[PDB]
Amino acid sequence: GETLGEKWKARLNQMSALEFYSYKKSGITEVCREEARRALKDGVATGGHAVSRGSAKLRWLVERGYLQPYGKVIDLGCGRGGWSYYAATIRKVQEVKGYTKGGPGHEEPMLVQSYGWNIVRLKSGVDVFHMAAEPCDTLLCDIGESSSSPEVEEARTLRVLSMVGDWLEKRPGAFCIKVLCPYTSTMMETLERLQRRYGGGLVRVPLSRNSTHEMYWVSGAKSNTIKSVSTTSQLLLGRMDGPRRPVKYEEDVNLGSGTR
């Protein structure tokens, strides 16, 4: 019947504005973005700043061995490009190709000169659901829009996963795919099938806010899908009770500067 994550989602939808604001960041990990946010507002491109919070999330996965990027990196839904810029600093990465929709309401690629910027091409105006898949060594995808409806989250995740499949058939050796909604019975069954075909596992990145159940399907992970999902649901539900817990900070990403 009802999964733990579905219980989490229903309770999230019952929170007041104050409860939601306090719960959102209770006990999460975070980078302080004040220094980067000013620079990028001033139009600076050489301070080594990440363009987005996304860089810290991919760094977390890469630094803990869940993903080893190499060769040709594709970044689907690159937005401003936080994942692409981080990938460009990795020694074995040869090229980074990012694709994002852009337009009103959506994020545009940011052009900065952090280390390895010269091996990057960020392309806006691309709907990846209509782009032909091509071969690559590392496949990245950070697509999926949050919704108050778990029904919507499931459907958006399935669309992403069907699109990702065509790229995985080009047989990349590494991948990191956002799974917005892993917590429904259909989604757990879907990811068991995908795990059987392509390997990998699901990982909860602790920089994710408590207001999303997003997990990342990464090639270096092996965990049982149901256990990893249910563990994350338990964590998120427990944080809804008791007092607010402090945010834990890591230092923001410094990607350096220069060319490769």
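For every residue, the number given is its place in the sequence shown, counted from 1.
- Between 125 to 133 and 176 to 184, it is 125 to 133 that carries the larger average Cα temperature factor according to the deposited entry.
- For the pair 98 to 106 and 186 to 194, the record assigns the higher mean C-alpha temperature factor to 98 to 106.
- Taking the deposited Cα B-factors for 78, 160, 112, 88, the highest one is held by 112.
- Taking the PDB entry at face value, the top CA B factor among 34, 30, 63, 214 belongs to 34.
- Among all modelled residues in its chain, residue 24 ranks in the middle third by Cα B-factor.
- Among the modelled residues of the chain, residue 154 sits in the lowest third by CA temperature factor in this PDB entry.
- In the PDB entry, residue 144 places in the highest third of its chain by CA B-factor.
- Sort the modelled residues of the chain by CA B factor and residue 240 lands in the middle third.
- Per-chain ranking of the deposited C-alpha B factor places residue 255 in the highest third.
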